[PDB]
Amino acid sequence: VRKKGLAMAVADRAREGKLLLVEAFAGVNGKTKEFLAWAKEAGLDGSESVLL
Amino acid sequence: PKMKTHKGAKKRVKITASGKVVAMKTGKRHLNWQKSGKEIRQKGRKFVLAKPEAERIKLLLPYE
Amino acid sequence: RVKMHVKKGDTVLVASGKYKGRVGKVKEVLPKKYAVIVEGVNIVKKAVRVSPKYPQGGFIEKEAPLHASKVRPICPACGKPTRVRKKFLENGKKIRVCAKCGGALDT
RNA sequence: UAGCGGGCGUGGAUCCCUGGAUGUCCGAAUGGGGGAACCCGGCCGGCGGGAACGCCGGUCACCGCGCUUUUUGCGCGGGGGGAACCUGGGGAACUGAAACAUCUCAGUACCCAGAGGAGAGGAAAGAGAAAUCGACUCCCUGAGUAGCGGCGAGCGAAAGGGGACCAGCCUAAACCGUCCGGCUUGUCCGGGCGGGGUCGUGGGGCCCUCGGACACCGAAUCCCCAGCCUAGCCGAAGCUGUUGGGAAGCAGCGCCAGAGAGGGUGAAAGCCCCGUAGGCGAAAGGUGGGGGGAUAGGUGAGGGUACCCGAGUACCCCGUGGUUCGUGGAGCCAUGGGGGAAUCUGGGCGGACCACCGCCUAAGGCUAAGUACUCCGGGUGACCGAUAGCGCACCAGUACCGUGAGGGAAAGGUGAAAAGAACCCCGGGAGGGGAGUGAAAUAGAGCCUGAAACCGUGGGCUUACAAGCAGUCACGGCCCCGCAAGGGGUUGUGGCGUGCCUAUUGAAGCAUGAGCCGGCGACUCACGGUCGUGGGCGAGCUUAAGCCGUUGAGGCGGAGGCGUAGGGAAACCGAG
């Protein structure tokens with residue numbers, strides 16, 4: 001059951017289209033504006049919350 | 001905690017593993033003398049049901 | 001332990017709410033209940049006819065205290081939270097990159 | 001926590017951290033006391049001039065264990081408390097059985113005592129069916145199974161396996177060396193002390209034999225250092241205007257981030273104050289195998305002899321607790337009496353007992369670890385907001401109850417901040433009328449809110465020929481809202497009418513609960529079953545303890561229960 005759970009849920013997100021697995025994150029030191037400009041570039045904005 | 005199977009009726013009854021509680025015939029102990037074989041071969045087994053639904057319950061946990 | 005605040009009895013502005021943007025004076029730290037008596041809360045008490053210290057005229061007050069979270073630093077600029085450094089020897093607290101503790105006299 | 005009043009610090013006070021210090025009188029009280037916190041006293045020593053009065057510091061009750069020539073005595077400890085957890089020493093009744101004695105409740109509450117962070121326990125006369133494992137406590141399944149019983153109520157375990165955890169040993173006795181005792185001197189009986197050994201194809205002793213060896217391992221012990229706690233240190237980014245009493249809220253631009261946890265800042269801030277992530281920190285003290293030095297200390301093969309291996313015991317009986325065992329064919333452990341072994345063909349067990357085969361070496365001892373709990377430190381919650389919450393939110397084990405053991409309350413909020421109301425006025429004051437204060441005094445001092453029952457004062461309608469579970473339907477009088485239409489209200493008349501709840505064959509009942517109101521207050525859950533149901537699954541399902549991770553983050557762990565064959569009570573026969 002719960003196996004499929006994740007699957008279904010996660011895969012259902014995929015049905016919408018809101019998803020991606022970047023090869024490697026450009027902001028390599030863990031600092032805010034790195035990932036921030038990175039996100040503005042990676043299809044992000046601000047009003048959308050991230051099981052990231 | 002875990003309900004206790006009634007050791008007694010457990011130690012003294014049958015129910016065919018389909019759900020039909022079928023028991024053992026009595027009135028057979030201190031008689032026999034002026035009686036006949038008719039009562040003998042009849043006093044060999046028994047039946048029952050309906051309230052042995054409540055008795056089917058009393059068996060409980062291992063059902064049996 | 002660490003009743004310690006950040007305000008020193010010298011001179012500092014007041015970004016309050018009562019008389020907002022009022023020039024804050026010598027300040028007088030009082031006490032450990034986060035408060036200050038700058039030169040501000042001006043009212044008047046209904047003191048009695050108390051013949052000695054209050055002759056035939058009794059209806060007067062000057063500067064009453066106030067809250068300590070109502071002021072901000074001062075330097076050749078404005079407030080902005082103070083940064084402290086160990087000077088190697090002493091312990092000067094220069095302002096937001098803008099220099100000098102705001103109290104001075106060899107620090 | 002105010003006034004009076006006087007001091008102290010950048011020669012770094014207060015404040016927090018540590019160590020010591022002064023530490024009176026009570027209290028195990030401990031010199032003797034004694035009705036607790038009071039009254040006396042002895043010896044060492046001192047001060048007042050101090051031999052009589054008095055103080056100061058010293059010293060003293062008892063038990064045990066270990067020494068001292070009995071002696072003079074020296075020595076270390078003891079004794080008290082403690083909420084829960086803890087081991088033993090005694091041991092209830094109510095109840096269930098729809099009575100009630102067997103039984104149960106339960107060896108449970110409760111009394112004693114002691115032990116410590118632990119304990120308790122603990123290295124095998126084991127466990128039990130196979131030539132199987134191998135101290136202890138803990139979690140799980142085994143399983144309500146195996147057992148138990150006026151075979152009623154009901155009570156009710158162990159192996160196996162899946163994990164936590166890991167730990168092993170001190171001895172006596174064989175033999176030997178010494179000091180002591182005594183004695184029927186003697187190739188001696190008992191004692192203190194060192195060597196000696198520790199058991200399952202037995203272990204050593206003693207002599208003889210193999211070759212016994214640098215080493216090889218190494219504590220529960222010694223000591224130290226990383227750390228850990230008792231205080232801290234620092235630490236990211238903003239303004240202008242705007243309504244408002246007050247902005248943090250309204251717009252304009254800008255900003256920190258490993259930190260947009262939270263509280264507070266006159267309200268609602270990531271850049272106001274306190275802080276959050278991160279990063280350092282002990283001079284003195286306490287705590288720690290984490291790492292190591294070190295230390296106590298541990299290891300061989302063989303022949304013979306014929307030495308010892310735990311004595312008022314095991315073993316039989318009797319009276320028996322515990323365990324599934326309520327005495328049954330009744331085992332094993334433990335023990336009160338009586339009978340009373342041996343030292344390995346010795347002993348105990350394999351559920352009465354005898355035969356065959358296996359298990360393990362008794363009657364002396366110490367053991368960390370995981371267990372258990374909450375006086376307590378911090379941390380959290382689909383926990384509560386002054387009838388709730390702990391009994392105790394505020395000086396609650398205070399009031400006050402009773403000699404007494406013991407009972408057991410009530411009682412919170414002004415504001416951002418006291419600015420907590422001078423001066424006039426009436427008044428003895430009290431309290432108010434003004435003023436003055438703040439945003440506001442409908443926040444005015446047990447003062448945010450202020451209801452209900454509730455007692456007043458004004459007004460509208462109605463009432464002084466009238467028969468009432470108090471209203472209802474209609475109509476008129478009326479007064480006031482209304483553009484209309486209508487609406488509130490009120491009752492002048494007349495048709496209709498035996499309160500509520502409980503209880504009852506059945507109530508207006510002259511059966512009862514109830515004065516009125518505010519509030520508190522009763523069908524839940526924990527295990528398992530059982531029918532129906534929503535879904536994943538499919539002859540398949542699903543893990544339990546736990547472990548890995550987490551900081552509201554999940555996955556992993558197949559022991560096991562479920563399901564396919566039942567039928568005979570059984571051996572067992574098998575879709576029969």
# chains A, B, ... in the order shown; residues from 1 in each chain; ligands from 1

call {"tool": "residues_around", "arguments": {"residues": "residue 22 of chain A", "least_positions_apart": "2", "cutoff": "12 Å", "atoms": "only C-alpha atoms (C1' of nucleotides)", "output": "MDAnalysis selection string"}}
result
chainID A and resid 19:20 24:27 38:39 42:43 52

call {"tool": "write_last_selection", "arguments": {"atoms": "N, CA, C and O atoms", "output": "mmCIF file, in the first residue's frame"}}
result
data_model
loop_
_atom_site.group_PDB
_atom_site.id
_atom_site.type_symbol
_atom_site.label_atom_id
_atom_site.label_comp_id
_atom_site.auth_asym_id
_atom_site.auth_seq_id
_atom_site.Cartn_x
_atom_site.Cartn_y
_atom_site.Cartn_z
ATOM 1 N N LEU A 19 7.741 19.494 -11.868
ATOM 2 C CA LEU A 19 8.800 18.636 -11.338
ATOM 3 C C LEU A 19 10.090 18.682 -12.140
ATOM 4 O O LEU A 19 10.067 18.957 -13.336
ATOM 5 N N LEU A 20 11.209 18.376 -11.484
ATOM 6 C CA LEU A 20 12.492 18.289 -12.177
ATOM 7 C C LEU A 20 13.624 17.753 -11.303
ATOM 8 O O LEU A 20 13.671 18.053 -10.117
ATOM 9 N N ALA A 24 23.129 18.796 -11.232
ATOM 10 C CA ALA A 24 23.857 19.286 -10.071
ATOM 11 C C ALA A 24 23.550 20.764 -9.867
ATOM 12 O O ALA A 24 23.551 21.546 -10.821
ATOM 13 N N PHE A 25 23.265 21.133 -8.623
ATOM 14 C CA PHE A 25 22.898 22.503 -8.285
ATOM 15 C C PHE A 25 24.084 23.443 -8.434
ATOM 16 O O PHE A 25 25.167 23.165 -7.928
ATOM 17 N N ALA A 26 23.871 24.554 -9.132
ATOM 18 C CA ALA A 26 24.945 25.502 -9.410
ATOM 19 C C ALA A 26 25.447 26.214 -8.153
ATOM 20 O O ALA A 26 26.644 26.471 -8.015
ATOM 21 N N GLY A 27 24.537 26.529 -7.236
ATOM 22 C CA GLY A 27 24.919 27.153 -5.984
ATOM 23 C C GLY A 27 25.667 26.190 -5.081
ATOM 24 O O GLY A 27 25.079 25.597 -4.177
ATOM 25 N N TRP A 38 19.586 31.149 -8.742
ATOM 26 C CA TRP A 38 19.514 29.806 -9.307
ATOM 27 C C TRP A 38 18.074 29.382 -9.540
ATOM 28 O O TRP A 38 17.771 28.710 -10.515
ATOM 29 N N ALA A 39 17.193 29.757 -8.625
ATOM 30 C CA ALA A 39 15.811 29.319 -8.677
ATOM 31 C C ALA A 39 15.045 30.166 -9.670
ATOM 32 O O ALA A 39 14.242 29.650 -10.445
ATOM 33 N N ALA A 42 15.849 28.591 -12.635
ATOM 34 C CA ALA A 42 15.454 27.191 -12.774
ATOM 35 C C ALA A 42 13.943 27.007 -12.871
ATOM 36 O O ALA A 42 13.438 25.897 -12.704
ATOM 37 N N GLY A 43 13.228 28.097 -13.138
ATOM 38 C CA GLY A 43 11.787 28.049 -13.325
ATOM 39 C C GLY A 43 11.003 28.435 -12.084
ATOM 40 O O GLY A 43 9.792 28.214 -12.005
ATOM 41 N N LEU A 52 11.590 20.033 -1.853
ATOM 42 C CA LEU A 52 12.505 20.700 -2.786
ATOM 43 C C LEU A 52 13.338 19.549 -3.012
ATOM 44 O O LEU A 52 14.528 19.572 -2.681
#

call {"tool": "select_by_dssp", "arguments": {"residues": "chain B", "states": "strand (DSSP E)", "output": "VMD selection string"}}
result
chain B and resid 14 to 16 20 to 22

call {"tool": "atom_distance", "arguments": {"atom1": "atom CA of residue 7 of chain C", "atom2": "atom CA of residue 45 of chain C"}}
result
28.3 Å

call {"tool": "residues_around", "arguments": {"residues": "residue 17 of chain B", "least_positions_apart": "6", "cutoff": "9 Å", "atoms": "only C-alpha atoms (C1' of nucleotides)", "output": "PyMOL selection string"}}
result
(chain B and resi 63-64) or (chain D and resi 566)

call {"tool": "write_last_selection", "arguments": {"atoms": "N, CA, C and O atoms (P, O5', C5', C4', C3', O3' and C1' of nucleotides)", "output": "PDB file, in the first residue's frame"}}
result
ATOM      1  N   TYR B  63     -11.297 -20.241  17.912  1.00  0.00           N
ATOM      2  CA  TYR B  63     -12.525 -20.647  17.229  1.00  0.00           C
ATOM      3  C   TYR B  63     -12.809 -22.119  17.506  1.00  0.00           C
ATOM      4  O   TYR B  63     -13.570 -22.449  18.414  1.00  0.00           O
ATOM      5  N   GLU B  64     -12.173 -22.992  16.729  1.00  0.00           N
ATOM      6  CA  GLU B  64     -12.298 -24.439  16.902  1.00  0.00           C
ATOM      7  C   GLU B  64     -13.750 -24.902  16.916  1.00  0.00           C
ATOM      8  O   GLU B  64     -14.384 -25.067  15.872  1.00  0.00           O
TER       9      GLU B  64
ATOM     10  P     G D 566      -8.855 -28.132   8.535  1.00  0.00           P
ATOM     11  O5'   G D 566     -10.198 -28.719   9.170  1.00  0.00           O
ATOM     12  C5'   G D 566     -11.448 -28.574   8.505  1.00  0.00           C
ATOM     13  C4'   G D 566     -11.936 -29.881   7.919  1.00  0.00           C
ATOM     14  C3'   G D 566     -12.442 -30.924   8.909  1.00  0.00           C
ATOM     15  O3'   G D 566     -13.805 -30.716   9.253  1.00  0.00           O
ATOM     16  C1'   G D 566     -10.961 -31.937   7.345  1.00  0.00           C
TER      17        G D 566
END

call {"tool": "interface_residues", "arguments": {"of": "chain C", "to": "chain D", "cutoff": "8 Å", "atoms": "only C-alpha atoms (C1' of nucleotides)", "output": "tab-separated table (two decimals) with N, CA and C atoms, in the first residue's frame"}}
result
chain	number	residue	atom	x	y	z
C	1	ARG	N	22.04	37.31	35.63
C	1	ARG	CA	22.99	37.13	34.53
C	1	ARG	C	22.42	37.68	33.23
C	15	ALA	N	13.82	56.44	18.20
C	15	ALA	CA	12.88	56.05	17.15
C	15	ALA	C	11.64	55.43	17.78
C	17	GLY	N	7.57	56.32	19.43
C	17	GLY	CA	6.20	56.35	18.94
C	17	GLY	C	5.43	57.49	19.59
C	18	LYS	N	5.78	57.81	20.83
C	18	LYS	CA	5.23	58.96	21.53
C	18	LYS	C	5.64	60.20	20.77
C	43	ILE	N	5.32	65.17	31.89
C	43	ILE	CA	3.98	65.40	32.42
C	43	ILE	C	4.07	66.23	33.70
C	44	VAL	N	3.01	66.22	34.50
C	44	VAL	CA	2.94	66.99	35.75
C	44	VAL	C	2.09	66.23	36.76
C	45	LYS	N	2.62	66.06	37.97
C	45	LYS	CA	1.91	65.34	39.01
C	45	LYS	C	1.09	66.30	39.86
C	46	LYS	N	0.02	65.79	40.46
C	46	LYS	CA	-0.83	66.60	41.31
C	46	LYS	C	-0.34	66.55	42.75
C	47	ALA	N	0.90	67.00	42.97
C	47	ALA	CA	1.51	66.98	44.29
C	47	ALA	C	0.75	67.90	45.23
C	48	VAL	N	0.73	67.54	46.51
C	48	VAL	CA	-0.05	68.29	47.49
C	48	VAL	C	0.58	69.66	47.78
C	49	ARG	N	0.06	70.34	48.80
C	49	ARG	CA	0.57	71.65	49.20
C	49	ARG	C	1.88	71.59	49.99
C	58	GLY	N	2.10	73.80	44.02
C	58	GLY	CA	2.31	72.37	43.87
C	58	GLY	C	1.49	71.76	42.76
C	59	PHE	N	2.11	71.65	41.59
C	59	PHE	CA	1.51	71.05	40.40
C	59	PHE	C	2.58	71.04	39.34
C	66	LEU	N	10.87	55.87	30.57
C	66	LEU	CA	10.26	55.27	29.38
C	66	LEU	C	10.84	53.88	29.13
C	68	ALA	N	13.06	50.91	27.18
C	68	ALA	CA	14.42	50.89	26.62
C	68	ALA	C	14.45	50.44	25.17
C	69	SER	N	13.42	49.71	24.76
C	69	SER	CA	13.33	49.24	23.39
C	69	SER	C	12.74	50.32	22.48
C	70	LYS	N	12.94	51.57	22.88
C	70	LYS	CA	12.39	52.73	22.18
C	70	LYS	C	13.49	53.64	21.62
C	71	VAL	N	14.74	53.21	21.75
C	71	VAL	CA	15.87	54.00	21.28
C	71	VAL	C	16.78	53.17	20.38
C	72	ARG	N	17.66	53.86	19.66
C	72	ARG	CA	18.59	53.24	18.73
C	72	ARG	C	19.89	54.03	18.78

call {"tool": "closest_residue", "arguments": {"among": "A:7, A:30, A:48, A:40", "to": "chain D", "atoms": "only C-alpha atoms (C1' of nucleotides)"}}
result
A:30

call {"tool": "interface_residues", "arguments": {"of": "chain B", "to": "chain D", "cutoff": "10 Å", "atoms": "only C-alpha atoms (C1' of nucleotides)", "output": "list in words"}}
result
residues 1, 2, 3, 4, 5, 6, 7, 8, 11, 12, 16, 17, 57, 58, 60 and 61 of chain B

call {"tool": "interface_residues", "arguments": {"of": "chain A", "to": "chain D", "cutoff": "12 Å", "atoms": "only C-alpha atoms (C1' of nucleotides)", "output": "list in words"}}
result
residues 1, 2, 3, 4, 5, 6, 29, 30, 31, 32, 33, 34, 35, 36 and 51 of chain A

call {"tool": "residues_around", "arguments": {"residues": "residue 293 of chain D", "least_positions_apart": "3", "cutoff": "12 Å", "atoms": "only C-alpha atoms (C1' of nucleotides)", "output": "list in words"}}
result
residues 222, 223, 224 and 225 of chain D

call {"tool": "select_by_dssp", "arguments": {"residues": "chain B", "states": "helix (DSSP H, G or I)", "output": "PyMOL selection string"}}
result
chain B and resi 7-10+37-42+52-59

call {"tool": "write_last_selection", "arguments": {"atoms": "C-alpha atoms", "output": "compact mmCIF listing (two decimals), in the first residue's frame"}}
result
# COMPACT_ATOMS: atom_id res chain seq x y z
CA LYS B 7 -11.48 -24.05 29.07
CA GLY B 8 -14.60 -26.04 29.99
CA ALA B 9 -16.87 -26.16 26.94
CA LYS B 10 -13.60 -26.20 24.99
CA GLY B 37 -30.34 -51.11 22.66
CA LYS B 38 -32.50 -48.50 20.97
CA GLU B 39 -31.43 -45.96 23.55
CA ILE B 40 -27.87 -47.31 23.31
CA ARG B 41 -27.14 -46.72 19.61
CA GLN B 42 -29.08 -43.45 19.83
CA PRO B 52 -24.73 -22.59 20.18
CA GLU B 53 -24.19 -19.42 18.17
CA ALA B 54 -23.57 -17.77 21.51
CA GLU B 55 -21.67 -20.98 22.28
CA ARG B 56 -19.81 -20.70 18.98
CA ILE B 57 -18.77 -17.34 20.39
CA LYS B 58 -17.83 -18.73 23.82
CA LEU B 59 -15.26 -20.91 22.07

call {"tool": "closest_residue", "arguments": {"among": "B:20, B:62, B:27, B:36", "to": "residue 48 of chain B", "atoms": "only C-alpha atoms"}}
result
B:20

call {"tool": "residues_around", "arguments": {"residues": "residue 96 of chain C", "least_positions_apart": "4", "cutoff": "7 Å", "atoms": "only C-alpha atoms (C1' of nucleotides)", "output": "ChimeraX atom specification"}}
result
/C:80-83

call {"tool": "write_last_selection", "arguments": {"atoms": "N, CA and C atoms", "output": "PDB file, in the first residue's frame"}}
result
ATOM      1  N   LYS C  80      20.849  52.137  13.419  1.00  0.00           N
ATOM      2  CA  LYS C  80      21.429  50.909  12.859  1.00  0.00           C
ATOM      3  C   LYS C  80      22.230  50.119  13.891  1.00  0.00           C
ATOM      4  N   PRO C  81      21.785  48.885  14.197  1.00  0.00           N
ATOM      5  CA  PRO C  81      22.341  48.025  15.254  1.00  0.00           C
ATOM      6  C   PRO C  81      23.871  48.070  15.363  1.00  0.00           C
ATOM      7  N   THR C  82      24.384  48.176  16.587  1.00  0.00           N
ATOM      8  CA  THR C  82      25.817  48.357  16.814  1.00  0.00           C
ATOM      9  C   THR C  82      26.606  47.056  16.722  1.00  0.00           C
ATOM     10  N   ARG C  83      27.780  47.135  16.101  1.00  0.00           N
ATOM     11  CA  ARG C  83      28.710  46.012  16.045  1.00  0.00           C
ATOM     12  C   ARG C  83      29.859  46.218  17.025  1.00  0.00           C
TER      13      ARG C  83
END

call {"tool": "residues_around", "arguments": {"residues": "residue 13 of chain B", "least_positions_apart": "6", "cutoff": "9 Å", "atoms": "only C-alpha atoms (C1' of nucleotides)", "output": "PyMOL selection string"}}
result
chain B and resi 21-24

call {"tool": "atom_distance", "arguments": {"atom1": "atom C1' of residue 474 of chain D", "atom2": "atom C1' of residue 494 of chain D"}}
result
9.1 Å

call {"tool": "residues_around", "arguments": {"residues": "residue 105 of chain C", "least_positions_apart": "4", "cutoff": "12 Å", "atoms": "only C-alpha atoms (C1' of nucleotides)", "output": "ChimeraX atom specification"}}
result
/C:10,92,100-101 /D:10

call {"tool": "atom_distance", "arguments": {"atom1": "atom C1' of residue 351 of chain D", "atom2": "atom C1' of residue 335 of chain D"}}
result
21.6 Å
